[PDB]
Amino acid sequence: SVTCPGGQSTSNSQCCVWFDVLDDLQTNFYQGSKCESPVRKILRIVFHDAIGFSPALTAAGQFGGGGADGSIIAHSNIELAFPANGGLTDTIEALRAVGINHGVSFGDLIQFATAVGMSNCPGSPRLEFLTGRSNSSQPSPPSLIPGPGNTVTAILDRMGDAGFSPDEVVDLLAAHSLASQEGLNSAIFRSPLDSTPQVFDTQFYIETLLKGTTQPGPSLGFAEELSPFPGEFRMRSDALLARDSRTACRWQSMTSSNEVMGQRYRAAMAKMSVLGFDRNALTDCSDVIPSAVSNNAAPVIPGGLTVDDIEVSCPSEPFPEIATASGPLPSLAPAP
């Protein structure tokens, strides 16, 4: 049955080249299978590539975008001029070379590089991986990427038009658990968005809900809000979404269980990976993706803060009783 040249077993002969690009990415792009800045940049790239898709434009005669077609790489020259795509150039070039070297389509390569990057981060689910997207793309229309200064209504309209309900917008945001910013406030380069930028866990949902207390750098940056402690950056769209009535209750159910957040994230990401394609036209190669080490820490309210410091926004569900740490307030180092 399907034994790939190097003896691994797989569902289908189209999955065998993906064991080679797996080794190239882990050794080179991920520097020895690490969960550091390349993983974070790839997670931003899969969303900015997949979200250039608009049924609204199609419906009014315009090209609405091919979705998760690898257009951000193939037409990087037009797409990396978009406001939202700053700081992605060096990662787009690294990906272009791996894709030209193994003969895989750019849309498939981005989805693959996302599932492999997440396997290096403790706590991550095994994301579905499908191969078969055509390498031909057209440039994404501008203005389809949500910005950090947008209102929650604007973000829900855009995501909604792409096909996501408010609940799936909160689920998709589990990726800000492995995250930092470099261009919203350059004085505090790589400031994490939660206290564990290398662990895919619930902390992001807990910490954006705490009262904004600290200005982390010398001045405020683009769409920056006050954060709960030294070194953490809080962006305006994440603060608004945690608190708005349309999304506040789903953001609250995401704080207590890494298992529920993970399943929810995996399901939204699987949907987002096929925007612009018919998943029944693709071949399933999920089994090429390895397991992530498990995360054994339980959700906590960091540094001595208590439930009295989180701004409860869901008016029907009471807050989960989460553990507290007997700590002095943390100060976060920049994410690696």
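Counting begins at 1, following the sequence as shown.
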Ranked by mean Cα B-factor in the entry, 243-251 and 199-207, top stretch is 243-251
Assert higher mean C-alpha B factor (90-98 or 213-221, deposited values) equals 213-221
The residue of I310, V274, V39, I45 with the maximal C-alpha B-factor according to the PDB record is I310
Chain thirds by Cα B factor, record data; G64 belongs to the middle
On the chain's distribution of Cα B-factors, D157 falls within the third called highest
Entry-reported C-alpha B-factor of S134 relative to its chain, by third, is middle
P83: CA temperature factor from the record, placed by chain third, in the highest
Among the modelled residues of its chain, the C-alpha B-factor of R126 falls in the third labelled highest
